[PDB]
Amino acid sequence: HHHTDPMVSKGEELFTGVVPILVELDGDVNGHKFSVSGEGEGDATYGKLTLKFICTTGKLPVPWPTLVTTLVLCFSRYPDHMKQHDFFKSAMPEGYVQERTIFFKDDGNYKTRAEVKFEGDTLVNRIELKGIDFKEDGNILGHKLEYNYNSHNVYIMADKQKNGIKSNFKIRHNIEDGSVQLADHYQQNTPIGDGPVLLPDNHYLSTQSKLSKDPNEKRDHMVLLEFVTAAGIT
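For the working numbering, count along the sequence shown from 1 and bump the result up by 635.
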């Protein structure tokens, strides 16, 4: 609402209230083609997301928790003293590309590319996902993961050469038998536009996610509440 840096003001202004979100994913995992649509709202003031996702092609062929990181970090809450480090909002409204490779230990990998940008007043995240080399009897295609999600801190670093950011981090998915399925993420983000962006000092994001079901919904779906806060600069 009041920042002495006009570049920060420009990005904050687009995220000042509740912003509607649309998520589209087209996926192919070991030749099972599927699509997911999601709708909800983001409130960057509190770092809060609320989304509901539907598999529009029938039953989702992989477990919903494996898609949480893939299915909008511009809604992170950056403390006032860290707002000059917020790459994600500084790239708006033209947006950014978010690319990942996700390696599931002892199993296959996801390769994702997403464009995150405004269409009018709506923040859209449009994703293509390709998954290969998964085991039919593994934890992913065998749906052995529990329907829950662990809190996680992720380290963000600038990539000055690409005018973007980079991160590598591990997600632990609980398996029904009490064990864990590791998912190693590599991520890079680059701006879509050619204007300047804020390139951050090293810092981390703290995330927490809660998964639930809509008791009146017959389609395969996931309801997601996420909180993300930046930290690590004193």
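Positions of the beta carbon are idealized from the N, C-alpha and C atoms, including for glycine.
- Going by C-alpha positions, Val832 is about 11 Å away from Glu729.
- CA-to-CA, the gap between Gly799 and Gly755 works out to about 24 Å.
- Taking C-beta atoms as the reference points, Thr685 and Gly675 count as a pair closer than 9 Å.
- Setting aside the 5 residues that flank it on each side, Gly646 is surrounded in the same chain by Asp721, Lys724, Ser725, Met727, each with a C-beta closer than 7 Å to its C-beta; the list follows chain order.
- Secondary structure within the stretch 739-827: the beta strand (DSSP E) runs of 3 or more consecutive residues, fully enclosed, are 744-754, 757-767, 787-794, 799-809, 815-826 (chain order).
- Cβ-Cβ separation between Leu660 and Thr705: approximately 7 Å, consistent with a contact (criterion under 8 Å).
- In terms of CA proximity to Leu708, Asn760 leads the group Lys687, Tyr745, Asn760.
- Annotated as distal: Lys668 and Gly677, with beta-carbon spacing of 9 Å or more.
- Taking 9 Å as the cut-off, the Cβ atoms of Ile827 and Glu750 count as close.
- Residue environment analysis places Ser711 among the buried positions, since at least 16 neighbouring C-beta atoms fall within 10 angstroms of its C-beta.
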